[PDB]
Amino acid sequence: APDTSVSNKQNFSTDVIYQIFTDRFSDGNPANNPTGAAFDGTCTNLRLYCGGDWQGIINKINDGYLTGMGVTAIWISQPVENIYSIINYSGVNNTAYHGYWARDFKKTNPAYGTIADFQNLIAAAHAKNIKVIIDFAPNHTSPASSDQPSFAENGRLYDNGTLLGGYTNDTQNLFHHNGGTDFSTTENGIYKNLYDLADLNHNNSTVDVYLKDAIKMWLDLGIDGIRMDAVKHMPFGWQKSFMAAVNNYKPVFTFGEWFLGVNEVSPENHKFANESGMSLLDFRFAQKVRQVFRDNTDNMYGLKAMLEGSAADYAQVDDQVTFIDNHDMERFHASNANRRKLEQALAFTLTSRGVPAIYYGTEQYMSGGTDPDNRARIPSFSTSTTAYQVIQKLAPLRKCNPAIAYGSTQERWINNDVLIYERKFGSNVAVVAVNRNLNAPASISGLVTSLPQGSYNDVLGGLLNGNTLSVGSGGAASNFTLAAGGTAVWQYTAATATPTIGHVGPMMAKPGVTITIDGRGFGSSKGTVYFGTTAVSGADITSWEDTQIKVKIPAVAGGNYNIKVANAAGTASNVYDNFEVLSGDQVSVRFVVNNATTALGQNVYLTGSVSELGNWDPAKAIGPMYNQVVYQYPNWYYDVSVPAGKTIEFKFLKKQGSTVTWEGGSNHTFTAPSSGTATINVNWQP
């Protein structure tokens, strides 16, 4: 199948995602609507159920709303059973309409539909080449109080109907009882409650095994991807172990929510996206798009630095899910705003690197402040808006123009208000010119591109006041005027002769797991695939076609490898780096080291005998370790994904910058559990 196939669960870079708050989209089956105080059919009270369901989505998938817009994937609210309580928060009634208050991850929220409804949703979507992403929020259950067990459902957790436990009398330690986080440190936000949400303890084996089994049920139901909630709030090591359970079973595109504020750039965020086994929602891209196009708090140079910085910071920048707004921001379109600002921000996102995501109703110019005001029912299903047309014209290019799906990004012309950038992949090119200045045109001269000689019509057809471009020898464009608020897209497409890799997924799995290598010019006959210097060919290459290769990971030692392919004639492709071969199935193990005193600016890290612990390379040690919450300095702790059942030798390190101090004495040893979790507690050896 081609890289662009609906069947490709590992690559969403050629797709355009439409994020749907299920309850607020379309009530296709009134019979499953919640009743009484939990319901508002008029959807005036945005905190109660308005009736939106899976049957309504199936309807809008079948009547052309989404397909006519060029949407090729949907990301829907968490599908699992939620508590039924109507929680009164200081005089105001609140319902689980959002799907974030799970009670049973093995069942459906009956308000959305049954299991059968879900299967129908999956089938209806696939029949229309639309992929289905589900939200999954394994960080907590629901609002709970230990001392007031009658409040809400006491964060109770069930396993397909069977009670596992609640927040009160949590003798099993299913949850954390450390108070609530003030978001003051990352450690603090991981091990303390988010608001009043009962925080799940992933170090509890029952919780661990349960969540990993629950996701398998969803994978079996045919989902194509997962949107993980609150990733900055669960142990990174446990999450890596959770991504390995997914990938070592049935891999699907996964991205997590890790909020970043205006002007925030977090190296922690980068390393997570780079090493966890899941990518992230691109808040850095989104917040910068809002400053430049929405709020006027930064200009094109700042958009350019974000583009260049992110391409450098994210190992797979093309896996980052971009957007201009979501359920946790004020709607991009301000009631009083010029619509062109939204149109432009949209055109920019759709033609930029990564995986574009559109919040439902953006194409309808919905406006609204923060929660729950950004979550109104979609007021119209009109295909006639300028915004809808922009998406319609640009969304499909991610499938037909691989420069947009996988290309590099290059600035070709720039000033405070204008940015002309170029995407390129193999024999494919796309050039986009944007003039944020809504009152002043710009005179464009000296623009040089990789576009072949000729006249190029604006793909948007002048919809956003774009123009035709004339390119001469050298890719030099003749002078032109870029209209006020003008936006234009020019492209060139042709068959690619040399093997070129545009994407790899999943990026972490154990040997034997099948990976998907997508791009152009692989040719029709099986060639060779390389993992580092190791060559794979023949039977282990399950399938091979010009744009997509399916191959089994060889049984090489656990570690990081660069992927390269060669065609049947032996011509090599570019190298796609950072593939991580796991040492085997993974379990989440908590390491604890006592009496590891440090100087300010120095932290403790873990290193050891397996690739999962960096193979004794301080440059790859695990950390920095924690020392506030579960244990207190000078005792440090950290949850780490390690190979199940393996006997592993380890040591702790004190690092400052790249300077390293090793624990003295002999290595410590332990044998990882074959399943579930474990905790190893040792003393720092001088």
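In this text, residue numbers run from 1 along the sequence as written.
For the segment pair 255 to 263 and 154 to 162, the entry gives 154 to 162 the higher mean B-factor, averaged over Cα atoms.
Legend: mean Cα B-factor per stretch from the PDB entry, 374 to 382 versus 297 to 305; the higher mean is in 374 to 382.
Note on 78, 528, 595, 416: the highest value goes to 595, judged by CA B factor as recorded. Annotation for 64, 34, 624, 618: 34 ranks highest, by Cα B-factor.
In the deposited entry, the Cα temperature factor of residue 104 sits in the middle third of values across the chain's modelled residues. For residue 15, the recorded CA B-factor ranks within the lowest third of the chain. Only modelled residues enter the ranking. When all modelled residues of the chain are sorted by CA temperature factor, residue 24 is found within the middle third. For residue 571, the recorded CA temperature factor ranks within the highest third of the chain's modelled residues. Sorting the modelled residues of the chain by their CA temperature factor places residue 642 in the lowest third.
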